[PDB]
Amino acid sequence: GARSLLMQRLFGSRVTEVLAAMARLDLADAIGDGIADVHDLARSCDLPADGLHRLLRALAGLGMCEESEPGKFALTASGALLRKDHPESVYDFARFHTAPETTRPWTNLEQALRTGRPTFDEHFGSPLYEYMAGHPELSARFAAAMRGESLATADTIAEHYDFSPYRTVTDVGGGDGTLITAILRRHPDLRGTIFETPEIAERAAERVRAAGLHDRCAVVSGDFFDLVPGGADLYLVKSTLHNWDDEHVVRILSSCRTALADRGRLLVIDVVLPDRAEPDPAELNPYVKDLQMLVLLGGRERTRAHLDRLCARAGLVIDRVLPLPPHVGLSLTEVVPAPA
């Protein structure tokens, strides 16, 4: 009821600390496929048996583990996803979103709401993407974190959008190529380009080779504020526009408009907020995403009306917004050049 829901919201930070400890101590990999004894696990992570037991009991209480017998633990399907080696692993995602880099800025949430600018810069001394460009191990974690987040979209997009009419697709800020890989895997004759920062482009180039898509997926690097590489039939921009304030978004959509020319189409893959906020079945709460974008980057999530205006301004019209399955929490906004 009403009181239980409030209690659940209030104790979220303590729940996150329990999950953060599981992730940092690599307990999911320690347990793996079997039933593990707390005493055996205790010698794997430099915690005493009693302390590790209480942590594992909380993880069982939170649906991440099962205590089959006293002191004997197996993973649930949820806990299995924190294994580094799970085929659907979100281990790096879990580490990224529990790192000081992504959590310390939330300690100043009110300042971010007051100033309208990110608190990340205050805590770490530069904007997030500049900071990561100078911290290769955080950059590495971020690339893997966005892969983990994008799995839900990558696994569903090609079943909710017809890619068959296109010869070429360019993913603008396409990360390590998780999204474009999933699309190319379903369309053998389709050709791809990932457009990224030089740093992330290095990760994407290796991913494309590792995935055996080198022959029909290229990687190009640059600055989507400077330009987007031209000549493609379809442009994707996923989980990118929400990183930026309204003016920076127009500048990105402006680079996209030039690339579209006559016969180009843009697919904006992002949260489309309703005009009136309400509870959402998305795996990741879109209003928490909105405030994450504020504190980390000075970005935000947007309604169809807020984006339709930013398109209008870039010389683009929102043609059509297509849904994904409710658990994904992103929509496909088709954008074409404005008739003007």
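Start at 1 and count along the sequence shown; that's the residue number.
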According to the deposited model, is the average Cα temperature factor higher in 328-336 or in 314-322? 314-322
Of 101-109 and 85-93, the stretch with the higher mean C-alpha B-factor in the deposited entry is 101-109
Highest CA B factor of 243, 258, 193, 221, as deposited, is found at 258
Choose from 283, 26, 50, 301 the residue with the greatest Cα B-factor as stated in the PDB record. 50
Looking at the temperature factor on the CA atom of residue 177, which third of the chain's modelled residues does it land in? lowest
Per the entry's values, where does residue 40 land by CA temperature factor relative to the rest of its chain, in the lowest, middle or highest third? highest
Hey, what third does residue 116 fall into on Cα B-factor, ranked over its chain? highest
Select lowest, middle or highest to describe the third in which the CA B-factor of residue 306 falls within its chain in this entry. highest
In terms of its chain's C-alpha B-factors, the third that includes residue 264 is the highest
